[PDB]
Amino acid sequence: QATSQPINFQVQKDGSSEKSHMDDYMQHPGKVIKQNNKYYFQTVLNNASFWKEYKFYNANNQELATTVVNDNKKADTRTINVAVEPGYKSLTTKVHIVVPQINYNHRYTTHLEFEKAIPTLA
């Protein structure tokens, strides 16, 4: 069995609550999924070809498992699951965006803020 619910979020800048331009690289809302007693935040990365690396952590800086659910090369998107727990209010992220053709190379250190804490699901 699986249960899911949408969850709104905003990626915000390191050291403040200001929106990050990284927020534009992810589709909204995301989704919370509970399957085999485990919880995930499922999210769709825009311009997936630009994402050279991504890492997610909880608010205590522990590493969170990510898995690729879907790669849509035609749309240039990638759908991932990020392991979470009920009660999580944010994820710390470390993301490397690269577009070599324009010599664009940027490292984001941001915090993805859920609109509400990850819920317990039945």
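Residue numbers run from 1 along the displayed sequence.
If you average the C-alpha B-factors over 44-52 and over 25-33, the higher value belongs to 44-52. When the two stretches 6-14 and 94-102 are set side by side, the higher mean Cα temperature factor goes to 94-102.
For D71, the recorded CA B-factor ranks within the highest third of the chain. Only modelled residues enter the ranking. Ranked by C-alpha B-factor against the other modelled residues of its chain, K19 falls in the lowest third. In the PDB entry, a CA B factor belonging to the highest third of its chain's modelled residues is recorded for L121.
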